[PDB]
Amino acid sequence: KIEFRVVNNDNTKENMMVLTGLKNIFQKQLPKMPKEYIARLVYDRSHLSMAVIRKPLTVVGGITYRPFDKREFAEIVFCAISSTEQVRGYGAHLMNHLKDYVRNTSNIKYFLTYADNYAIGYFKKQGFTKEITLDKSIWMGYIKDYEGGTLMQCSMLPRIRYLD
């Protein structure tokens, strides 16, 4: 009943529908952030989004991230589970699925995020740490921190699946 789907703005209606439902969750959960800024990032084609979907197409949460495949890391820009979908497990399963996805479809081995105060606890639970060990030369300039959050890092294992 619950699907974890990766989408991005490739000009298709179904993808836009998911991106929009996700954007609305982020906008509601991060009200102090400029809503148009959130929209721009989610709809940016370079940004991918893993959405938690309940059939038919009900977005219950998700993560919008910016992968830098060549540098082996991705910035987790937005993360949230709908406040009306407080069923235990969604947040953890969403992160678990994203880790499995990037490890099997890319050369991404690290996650970096400027966590908002209220997300720090969740991220720690997902194995992220405030102790940044990824050299600044790798990510500096590639990720921004306009909200003054807390940089956190997750270091994952090397790529699994590879065909093309």
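One rule holds for the numbers: they count along the sequence shown, beginning at 1.
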property: 43-51 set against 118-126, stretch whose average Cα temperature factor tops the other in the entry; result: 43-51
property: Mean temperature factor over C-alpha atoms, higher-scoring stretch between 139-147 and 152-160; result: 139-147
property: Criterion, highest CA B-factor; candidates, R66, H97, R103, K32; result: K32
property: Third of chain Cα B-factors occupied by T58; result: highest
